[PDB]
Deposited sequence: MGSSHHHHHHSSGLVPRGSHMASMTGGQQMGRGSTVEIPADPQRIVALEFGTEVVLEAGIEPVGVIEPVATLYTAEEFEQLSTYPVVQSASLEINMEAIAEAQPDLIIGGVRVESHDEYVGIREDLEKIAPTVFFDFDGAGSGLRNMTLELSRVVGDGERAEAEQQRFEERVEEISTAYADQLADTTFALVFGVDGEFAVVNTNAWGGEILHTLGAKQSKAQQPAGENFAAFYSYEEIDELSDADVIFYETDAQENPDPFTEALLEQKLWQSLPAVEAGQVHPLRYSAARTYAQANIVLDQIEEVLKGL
């Protein structure tokens, strides 16, 4: 297939590199510098707000050092993929000439995200909201798992998003696919070829790979609006012949990435509402 898958006590001026943005928004902090905001990750309101902040890091993750220096931070925060720990050790000491820098490593695309993110929340002093959300998620998982054990046992789920010319099926080790799997949900054998990747990729001709799905989730932005490639997928002729489509069991899923525990809880709420309707 064409796509290949997977320090100050009360700090005042925080630069948020990648994954730090979710942290400062949840803590009600206005950063003095951010990684370029992508709208799909945030509330419309949050995006309008984030767009007024200085940009210090790009999509491709390269850091504008002079811009960071210009912003005069008391604290620089960010998540780091663990496979790039070596590179960022050097990057780290550069940023230290400007300000105290706190990087946390995380592995993979599952619970590693919301845990790295919980650590950053501790560091900016929003540790307690953050730990409350962690405990609430663990509670809600247990509760939902038992309250709907029959539905969970009998229903095959799939989580999808579109890319250019192909769609993806999210694996059990990533994003909403992880959370579904944590609940004990059965998922389509379409996810299986992902192996250790986060998602498996298929052509439009292979849409009937999802035929064993009773319930289908498609990734959307915070307004339940699908990306243009996901919209293309839902407009495919073969999409209409899917049992889950004909049965009216196709649902938007906000915050599929579950970058924080708060996001992971919103995912659970949405899964619960679908479980209710079965």
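Engineer: So which bits of the deposited sequence did not make it into the model?
Structural biologist: Coordinates drop out over 1-6, 13-37.
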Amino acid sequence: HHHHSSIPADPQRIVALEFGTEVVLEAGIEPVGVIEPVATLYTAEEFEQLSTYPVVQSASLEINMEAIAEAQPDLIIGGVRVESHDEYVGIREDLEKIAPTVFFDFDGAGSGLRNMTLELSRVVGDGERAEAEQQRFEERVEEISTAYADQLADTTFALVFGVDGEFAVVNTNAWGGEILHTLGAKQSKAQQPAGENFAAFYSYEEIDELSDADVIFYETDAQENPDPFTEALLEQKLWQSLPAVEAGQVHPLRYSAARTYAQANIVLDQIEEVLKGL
From here on, numbers count along this sequence of modelled residues.
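Engineer: Once you work out the mean C-alpha B-factor for both 243-251 and 58-66 from the entry, which is higher?
Structural biologist: Comparing averages over the C-alpha atoms only gives 58-66.
Engineer: Test of understanding: from the entry's C-alpha B-factors, which stretch has the higher mean, 143-151 or 92-100?
Structural biologist: Mean B over CA atoms: larger for 92-100.
Engineer: Maximum C-alpha temperature factor per the entry, among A44, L41, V215, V34, belongs to which one?
Structural biologist: When the deposited C-alpha B-factors of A44, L41, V215, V34 are compared, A44 is largest.
Engineer: Select lowest, middle or highest to describe the third in which the CA B-factor of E128 falls within its chain in this entry.
Structural biologist: CA B-factor rank for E128: highest third.
Engineer: Would you please rank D269 by its C-alpha temperature factor against the other modelled residues of its chain and give the third it falls in: lowest, middle or highest?
Structural biologist: Bottom third by C-alpha B-factor.
Engineer: Classify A9 as lowest, middle or highest third according to the C-alpha B-factor given in the PDB entry, relative to its own chain.
Structural biologist: Highest third, going by the recorded CA B-factors of the chain.
Engineer: Thinking about Cα B factors across the chain, which third does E178 belong to?
Structural biologist: Ranked within chain, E178 CA B lands in the lowest tercile.
Engineer: Among the modelled residues of this chain, does the Cα B factor of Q236 put it in the lowest, middle or highest third?
Structural biologist: It falls in the top third of the chain.
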